[PDB]
């Protein structure tokens, strides 16, 4: 959403400032060779490399977690069918909580209003309990645990099979903490701070130190070099907001729709 074709052509210009500036240079006692900029440029590419690595890892973890939502809810619906196929009332109740959980987890991470979706899926008295909590999504898990918890007290599930389905609720519980953790723990600011400073300074001092060698090609190369360090420093911030609505963020709404369609395929609806 924020772009830097601004600094690629501030480069083209601060490259042109350089060529005309050349002949008043050694006058002052100012020369700039590339060798120390090779040193720094390489030290920055190493550090850009490790950083982007962290950024990609955390994006992959965000996708893994949403992946698990689809898996655990798929299999918990399957277990309900295979263990209690008479029980379509309980089927339909548990399914609306599991769908509610995903929608509510999307809203929570986008900081939007789950109320419409919650009301689409759940009794109004259930919606009230969920929204009264300071942790609505976690309160949805508690309610689904009640559905199977009473199926247990009613003897329709044993402690064994109660256990098989509880574990899926633990899986979702790990997804929720995981998303909360990812959403409140960015890659430390120092990294992107330090890097965005040095990648910036280096990208505009570069056409200076390149002028002695390349003279009047300083722009077509000091740009090429700068774009490379910038399309690589940008791929970073394009990968550390996984839950947003931007283009390269995760399509959470589409994944929530896939989760809902999946569970309704499994229950006829």
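Positions refer to the first chain, counted from 1.
Peer 1: Which has higher Cα B-factors on average according to the PDB entry: 245-253 or 20-28?
Peer 2: On average, C-alpha B-factors are higher across 20-28.
Peer 1: So, looking at the entry's B-factor column for Cα atoms, which has the higher mean, 29-37 or 235-243?
Peer 2: Higher mean C-alpha B-factor: 29-37.
Peer 1: Determine which member of 62, 210, 48, 42 has the highest CA B-factor, using the values in the deposited entry.
Peer 2: Of the options given, 210 has the highest CA B-factor in the PDB entry.
Peer 1: Going by what the PDB entry lists, where does residue 156 fall on CA B-factor within its chain: lowest, middle or highest third?
Peer 2: For residue 156, the deposited C-alpha B-factor lands in the middle third.
Peer 1: Consider only the C-alpha atoms of the modelled residues in this chain, order them by B-factor as the entry records it, and name the third containing residue 91: lowest, middle or highest.
Peer 2: It falls in the middle third of the chain.
Peer 1: Ranking the modelled residues of this chain by C-alpha B-factor as given in the entry, is residue 68 in the lowest, middle or highest third?
Peer 2: Its C-alpha B-factor, which the entry lists for residue 68, ranks in the lowest third among residues of this chain.
Peer 1: Of the three thirds of its chain by CA temperature factor, lowest, middle or highest, which one includes residue 53?
Peer 2: Lowest third - that is where residue 53 ends up once the chain's C-alpha B-factors are sorted.
Peer 1: Among all modelled residues of this chain, ranked by Cα B factor, put residue 174 in the bottom, middle or top third, i.e. lowest, middle or highest.
Peer 2: Ranked within chain, residue 174 CA B lands in the lowest tercile.
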